[PDB]
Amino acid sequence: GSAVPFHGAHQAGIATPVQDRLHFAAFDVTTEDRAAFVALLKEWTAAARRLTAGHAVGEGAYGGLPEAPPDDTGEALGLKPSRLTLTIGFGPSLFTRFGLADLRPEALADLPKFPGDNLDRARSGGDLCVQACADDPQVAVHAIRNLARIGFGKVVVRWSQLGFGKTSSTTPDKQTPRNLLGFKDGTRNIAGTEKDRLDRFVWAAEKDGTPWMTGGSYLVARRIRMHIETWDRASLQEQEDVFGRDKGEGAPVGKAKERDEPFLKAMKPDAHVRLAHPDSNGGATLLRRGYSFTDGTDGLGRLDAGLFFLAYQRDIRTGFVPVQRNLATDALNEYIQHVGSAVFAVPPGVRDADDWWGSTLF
């Protein structure tokens, strides 16, 4: 229930241990006034400093003037910080405004068309994003709601996604969670302690060509539907072939323990792990940080389940793109469909109480 520090060379919410709940919001900008937008970013940073510490925004949730609306909507009163992190990102479309064209990073790459793509343009894209992660879903909702409220007239929410439970891990010493296909998800990720690997694979460096992005990262988001009726009638052997690990322990095929190193030649040629492994993609490595979702029924008598997939990397062109290209033949494709997509440049961290979100860009 403790707080995660807000300041740092990097934004929290990436290498931070993965909290239980997600409320992810993408926003479109509705003002042409660069000065107005910069003022918003500063006001948003001030609110985030309050929210991540478990304090109400502005002058609080009650006790102000009776005839004025409260500054904070109040549904997080009496709750602890609950490990809330708030991570902001800038979408490619944003750089068509405020004269930012020349500052769009090369590594903020548009994604190519992938086979099987069925992307809903409504729940895709976005000028910017805010990833709210916490162990308490009310805490995460309260933060998005109050950010949106502060931004009224300058931003609007384009689409949002809640994740009811994590399917990722940055802490290999704790239990690996399972996704809705029933397999452990997150075993061979990057841990928040592996500072060497985070530098090599996640954080943008000054030499990469975009100086204002040093210390930031790049985010790929893909909403993925799961064909659970199809999956749930497949044999256990079929499910285990699809991934290359057994369902119970999550060990690589042939081995006894979850964390034993995979032996790729023992897996089928189209097994998910075999195709996704760094060694199959010239060393390309990802920080996976996704969450499970369910949004009611599908209107055809079934539950609607999926995986909201999030990956951070140092360069989209050397992370998500090569790996996802290698998944064209993935056995898993038979049970999933990508139905939403967006990319964001995640700026560096807020260094101290004088700093603000996006200050290196603006």
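The first residue of the sequence shown is number 1, and the count goes up from there. The term rigid core refers to the most C-alpha atoms you can superpose between the two forms while keeping them within 1.5 Å.
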Q.
Rigid core superposition, C-alpha RMS per stretch in 7 other deposited structures of this protein: which comes out larger, 159 to 167 or 181 to 189?
A. 159 to 167
Q: Would you mind working out which of 99 to 107 and 172 to 180 sits farther from this form in 7 other deposited structures of this protein by RMS C-alpha distance, with the rigid core as the fit?
A: 172 to 180
Q: Could you check the entry and say whether 197 to 205 or 219 to 227 has the higher mean CA B-factor?
A: 197 to 205
Q) Would 145 to 153 or 182 to 190 have the larger average of its C-alpha temperature factors, as given in the entry? A) 145 to 153
Q.
Just to confirm, going by the entry's C-alpha B-factors, which of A53, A47, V29, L332 comes out highest?
A. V29
Q.
In terms of recorded Cα temperature factor, pick the maximum from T210, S168, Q239, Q131.
A. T210
Q.
Quick check on the deposited entry: does the C-alpha B-factor of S93 sit in the lowest, middle or highest third of its chain?
A. highest
Q | Chain-wide C-alpha B factor ranking for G283, given as lowest, middle or highest third | A | middle
**Q.** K255, C-alpha B-factor rank within chain (lowest, middle or highest third)
**A.** middle
Q. So where's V139 on the chain's Cα temperature factor ranking, which third?
A. lowest
Q: Taking the chain's C-alpha temperature factors as the reference, tell me which third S292 falls into: lowest, middle or highest.
A: lowest
